[PDB]
Structures are given as structure tokens and as C-alpha cells.
């Protein structure tokens, strides 16, 4: 039996992947880059703020000064942080609160493996902080998604091996990070985006302890 679940936040616990997308798209268009559509945004999910901006600049073969890079990243963050102020417990995705309760009842550790610096604030907005045994700080890892470091850190922070853990993710980069950590990935989203080679559920209501159990036994 698995001993921990390692949660991504954005697009898994709540619909904040939508807000990252909207904020990055707005930023890109301000600097004359029009290619950040939903399809391109699949390459941005799960990756750090710096890597997101660089991927956007690369899309247009654009070069900015170091000073401008810092300002642009700050501008997007300030916008994103204003978007999320009204997030509340009502915004928790279906099934997620119940899963957290069921994991705790069964003495399964719960850790956050979000690349987002805004992760702790969002857990507070959603009254979820008390369910988490650990939050892996994305600033403390040497390498960000799709490197496995944040999932390894999350598992270690709750005293469990990655190989005894399940990771929940909505992103290509994050699934790869889970795979390379040794944990078992279960994605949420469209097969057209996350791959046909792992277990994928179409929506978070499918993330039941029953199903994680159904899944684990068969790995």
C-alpha cells in the first residue's frame, strides 16, 4: 500500500492553471507575442515562472534585457496574485476535500509538490493547510519541473520514499517529474495532452482513495 500522496496544486486542487494561463497570455500579448494559446500553454503547465517566461520569449525568438525579464515576471505575478485573492473553499475541485479527509483517516501522508510560490497562500484561501503534512518549497530545490526534485522533496518531507508514493498532476512537465522521482503518476486531463502511457482520469472526482487503491494494486 502507498504511504503518501504528493499533490500538485494548480489544475489539481483548484482551477488556478486557468489563471496562470490567462496571466501569461496577457503578459505575452503586452510584449507583442501572440502564440500563447491553450495548446501552447500545455508546455507552460507545471514549469516555473522563469521557465514560463523564457518559453514564451523563445516562441518569438525574442530577447529582452535582464532588467526587463525581471520586471515582466513581476508584472505577471502581481496580476496573478490579484486574480487569486477571491479564491475560497468553494473553489476546491470536486473530490479533493474528501480525498484529503480519507487519506488522513487512513494515516496516509499528504504533501504539496507545487512549483508555485503562491501555493501556501492558495491552500490558506481554500482552508486546506491543515490537511497537509508538508509543503515542498519550490525555491529550495536545485531543479524545477520536469526535474523530479520537488516530488522527491515532498516525499522526503513526510518520511516516505518516492517509490511508496502516488503523485497527482495535470501537466506534461509534472507527469515527467513524477515518473523520474520513482512515484506512481495519476494524471487528470485529456489523453491528447498528458499521454496514453499512464493512468489518466478525466476530472478530479475520480481521485477517490478507492481508485488510488484500485490503481496502486495494478502498477
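Numbering follows the first chain given and starts at 1.
Annotation for 203-211 versus 7-15: the higher mean temperature factor (C-alpha) is found in 203-211. The mean C-alpha temperature factor is higher for 143-151 when 90-98 and 143-151 are set side by side. Annotation for 59, 188, 26, 53: 59 ranks highest, by Cα B-factor.
The PDB entry assigns the greatest CA B-factor among 36, 49, 161, 168 to 161. When all modelled residues of the chain are sorted by CA temperature factor, residue 65 is found within the highest third. In the deposited entry, the Cα temperature factor of residue 107 places it in the highest third of its chain's modelled residues. Per-chain ranking of the deposited C-alpha B factor places residue 41 in the lowest third. Per the PDB record, residue ranking by Cα B-factor puts residue 81 in the lowest third of the chain.
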